[PDB]
$ cat coords.txt   # compact mmCIF, C-alpha atoms and all ligand atoms
# COMPACT_ATOMS: atom_id res chain seq x y z
CA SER A 625 -135.24 -176.04 39.42
CA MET A 626 -138.04 -173.76 40.61
CA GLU A 627 -135.97 -172.23 43.41
CA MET A 628 -132.48 -172.02 41.89
CA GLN A 629 -130.85 -168.61 41.83
CA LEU A 630 -131.80 -167.10 38.49
CA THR A 631 -128.83 -164.81 37.97
CA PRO A 632 -126.16 -167.56 37.72
CA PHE A 633 -128.43 -169.38 35.29
CA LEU A 634 -128.88 -166.32 33.07
CA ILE A 635 -125.13 -165.66 33.04
CA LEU A 636 -124.68 -169.27 31.94
CA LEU A 637 -127.20 -168.69 29.15
CA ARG A 638 -125.35 -165.52 28.10
CA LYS A 639 -122.04 -167.39 27.87
CA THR A 640 -123.71 -170.26 26.00
CA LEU A 641 -125.50 -167.94 23.58
CA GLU A 642 -122.21 -166.21 22.76
CA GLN A 643 -120.59 -169.60 22.13
CA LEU A 644 -123.45 -170.63 19.83
CA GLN A 645 -123.38 -167.34 17.92
CA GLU A 646 -119.62 -167.77 17.40
CA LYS A 647 -120.53 -170.85 15.32
CA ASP A 648 -122.45 -168.67 12.84
CA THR A 649 -119.47 -168.49 10.52
CA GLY A 650 -121.73 -167.85 7.54
CA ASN A 651 -123.31 -164.86 9.32
CA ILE A 652 -126.80 -165.96 8.40
CA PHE A 653 -128.30 -166.81 11.83
CA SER A 654 -127.55 -163.76 13.99
CA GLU A 655 -130.36 -161.44 12.81
CA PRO A 656 -133.93 -162.24 11.74
CA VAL A 657 -134.36 -163.52 8.20
CA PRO A 658 -135.17 -160.26 6.34
CA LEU A 659 -138.84 -160.49 5.42
CA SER A 660 -138.42 -157.71 2.85
CA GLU A 661 -136.08 -159.99 0.88
CA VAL A 662 -137.89 -163.24 1.71
CA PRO A 663 -141.58 -162.21 1.58
CA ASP A 664 -142.85 -165.81 1.61
CA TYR A 665 -140.86 -166.78 4.72
CA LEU A 666 -143.81 -166.70 7.12
CA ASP A 667 -145.81 -168.85 4.67
CA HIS A 668 -143.44 -171.68 5.65
CA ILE A 669 -141.98 -170.77 9.04
CA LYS A 670 -144.37 -170.30 11.97
CA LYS A 671 -141.76 -169.23 14.56
CA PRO A 672 -138.75 -167.41 13.09
CA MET A 673 -135.71 -167.46 15.34
CA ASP A 674 -132.17 -166.05 15.30
CA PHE A 675 -129.43 -165.26 17.78
CA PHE A 676 -130.39 -161.58 18.23
CA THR A 677 -133.97 -162.54 19.06
CA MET A 678 -132.63 -165.18 21.46
CA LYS A 679 -130.59 -162.49 23.21
CA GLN A 680 -133.70 -160.31 23.50
CA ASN A 681 -135.64 -163.25 24.94
CA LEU A 682 -132.86 -164.01 27.40
CA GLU A 683 -132.69 -160.46 28.74
CA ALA A 684 -136.51 -160.34 28.97
CA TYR A 685 -136.38 -163.42 31.26
CA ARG A 686 -138.23 -165.60 28.74
CA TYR A 687 -135.83 -168.53 29.36
CA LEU A 688 -136.42 -169.82 32.89
CA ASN A 689 -135.19 -173.35 32.15
CA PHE A 690 -132.49 -174.71 29.89
CA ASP A 691 -134.79 -176.69 27.58
CA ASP A 692 -136.64 -173.61 26.30
CA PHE A 693 -133.33 -171.97 25.45
CA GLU A 694 -132.18 -175.08 23.61
CA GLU A 695 -135.56 -175.31 21.83
CA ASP A 696 -135.08 -171.84 20.35
CA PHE A 697 -131.57 -172.68 19.18
CA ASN A 698 -132.99 -175.82 17.56
CA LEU A 699 -135.54 -173.61 15.75
CA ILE A 700 -132.76 -171.58 14.14
CA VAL A 701 -131.47 -174.85 12.67
CA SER A 702 -134.79 -176.49 11.82
CA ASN A 703 -136.34 -173.35 10.26
CA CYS A 704 -133.34 -173.14 7.95
CA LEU A 705 -133.44 -176.82 6.94
CA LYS A 706 -137.18 -176.52 6.35
CA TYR A 707 -137.21 -173.38 4.22
CA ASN A 708 -134.08 -173.86 2.11
CA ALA A 709 -133.25 -176.46 -0.49
CA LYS A 710 -130.54 -178.96 0.38
CA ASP A 711 -128.15 -177.64 -2.27
CA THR A 712 -127.82 -174.18 -0.75
CA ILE A 713 -125.22 -172.43 1.38
CA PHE A 714 -127.97 -171.78 3.93
CA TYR A 715 -128.90 -175.46 4.28
CA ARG A 716 -125.29 -176.61 4.56
CA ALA A 717 -124.62 -173.89 7.14
CA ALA A 718 -127.59 -175.06 9.21
CA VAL A 719 -126.17 -178.58 9.24
CA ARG A 720 -122.80 -177.20 10.36
CA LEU A 721 -124.53 -175.15 13.09
CA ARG A 722 -126.43 -178.22 14.31
CA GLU A 723 -123.15 -180.15 14.53
CA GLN A 724 -121.11 -177.41 16.20
CA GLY A 725 -123.86 -176.15 18.51
CA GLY A 726 -124.51 -179.63 19.87
CA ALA A 727 -121.21 -179.83 21.74
CA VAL A 728 -121.71 -176.31 23.13
CA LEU A 729 -125.15 -177.31 24.41
CA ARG A 730 -124.03 -180.61 25.96
CA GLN A 731 -121.36 -178.85 28.01
CA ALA A 732 -123.69 -176.00 28.96
CA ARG A 733 -126.43 -178.37 30.09
CA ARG A 734 -123.99 -180.09 32.45
CA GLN A 735 -123.32 -176.70 34.05
CA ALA A 736 -127.04 -175.90 34.24
CA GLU A 737 -127.77 -179.18 36.02
CA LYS A 738 -125.27 -178.33 38.75
CA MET A 739 -127.29 -175.18 39.64
CA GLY A 740 -130.58 -176.86 40.55
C1 LIG A 801 -130.92 -168.76 7.80
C2 LIG A 801 -131.60 -168.10 6.60
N1 LIG A 801 -132.65 -168.58 5.94
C3 LIG A 801 -132.91 -167.71 4.96
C4 LIG A 801 -134.07 -167.94 3.98
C5 LIG A 801 -132.03 -166.69 5.00
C6 LIG A 801 -131.91 -165.58 4.23
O1 LIG A 801 -132.60 -165.39 3.23
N2 LIG A 801 -130.93 -164.74 4.66
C7 LIG A 801 -130.66 -163.59 4.01
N3 LIG A 801 -129.69 -162.76 4.40
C8 LIG A 801 -129.58 -161.65 3.62
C9 LIG A 801 -128.50 -160.59 3.90
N4 LIG A 801 -128.27 -160.37 5.34
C10 LIG A 801 -127.07 -159.50 5.49
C11 LIG A 801 -126.81 -159.15 6.95
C12 LIG A 801 -125.60 -158.21 7.06
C13 LIG A 801 -128.05 -158.46 7.54
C14 LIG A 801 -129.22 -159.42 7.41
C15 LIG A 801 -130.49 -158.80 8.00
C16 LIG A 801 -129.44 -159.71 5.94
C17 LIG A 801 -130.43 -161.55 2.60
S1 LIG A 801 -131.43 -162.92 2.63
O2 LIG A 801 -131.18 -166.95 6.06

$ encode --input "coords.txt" --output "structure tokens"
Amino acid sequence: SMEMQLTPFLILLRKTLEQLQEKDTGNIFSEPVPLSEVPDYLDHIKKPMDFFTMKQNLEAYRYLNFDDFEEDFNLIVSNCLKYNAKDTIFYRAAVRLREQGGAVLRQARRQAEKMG
């Protein structure tokens, strides 16, 4: 909501972001894709995203509603599916992250709705 207390909501986002990052068992989503090793990445991906950047956005108060937070998580997944071939560790890991992050987000959204 417009008038909900922001600090409980941001603590919820911090807890949720930690739970999502814990699903990065391949350790490929928690820092920006290294452009020095993937120099054509921005030719394909318009909005890179990763869990460190999400933490920066959170602490800069760029997430004022739950949907924008979830949209950036979804970008981590969709960027990875888009850039990488299906028969890669990266692609398979993005599918796993989509599956595991979904339950985290469903529970977190229920908590966010109770704050409005
Ligand atoms: C989700 C995704 N899509 C793509 C195309 C990639 C990708 O190329 N990841 C890569 N990681 C590395 C190595 N990694 C090691 C860490 C310890 C630090 C961190 C900055 C770099 C090289 S390339 O990841």

$ atom_distance --input "coords.txt" --atom1 "atom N4 of ligand LIG 801 (chain A)" --atom2 "atom CA of residue A:671"
18.6 Å

$ closest_residue --input "coords.txt" --among "A:731, A:684, A:663, A:669" --to "residue A:705" --atoms "all atoms listed in the file"
A:669

$ closest_residue --input "coords.txt" --among "A:644, A:703, A:650, A:709" --to "residue A:665" --atoms "all atoms listed in the file"
A:703

$ residues_near_ligand --input "coords.txt" --ligand "ligand LIG 801 (chain A)" --cutoff "7 Å" --atoms "only C-alpha atoms and all ligand atoms" --output "count of residues only"
13

$ closest_atom_pairs --input "coords.txt" --of "stretch 634-719 of chain A" --to "stretch 733-738 of chain A" --cutoff "9 Å" --atoms "only C-alpha atoms" --output "tab-separated table"
residue	atom	partner	partner_atom	distance
A:636	CA	A:736	CA	7.4
A:637	CA	A:736	CA	8.8
A:689	CA	A:736	CA	8.8
A:690	CA	A:736	CA	7.1
A:691	CA	A:733	CA	8.9

$ closest_residue --input "coords.txt" --among "A:641, A:727, A:701, A:719" --to "residue A:677" --atoms "all atoms listed in the file"
A:641

$ closest_residue --input "coords.txt" --among "A:688, A:680, A:693, A:715" --to "residue A:626" --atoms "only C-alpha atoms"
A:688

$ closest_residue --input "coords.txt" --among "A:630, A:739, A:729, A:659" --to "residue A:698" --atoms "all atoms listed in the file"
A:729

$ atom_distance --input "coords.txt" --atom1 "atom CA of residue A:654" --atom2 "atom CA of residue A:675"
4.5 Å

$ closest_residue --input "coords.txt" --among "A:672, A:740, A:687, A:666" --to "residue A:627" --atoms "only C-alpha atoms"
A:740

$ atom_distance --input "coords.txt" --atom1 "atom CA of residue A:635" --atom2 "atom CA of residue A:699"
21.7 Å

$ axis_aligned_box --input "coords.txt" --around "stretch 690-704 of chain A" --padding-each-side "3 Å" --output "lines of an AutoDock Vina configuration file"
center_x = -134.1
center_y = -174.1
center_z = 18.9
size_x = 11.2
size_y = 11.1
size_z = 27.9
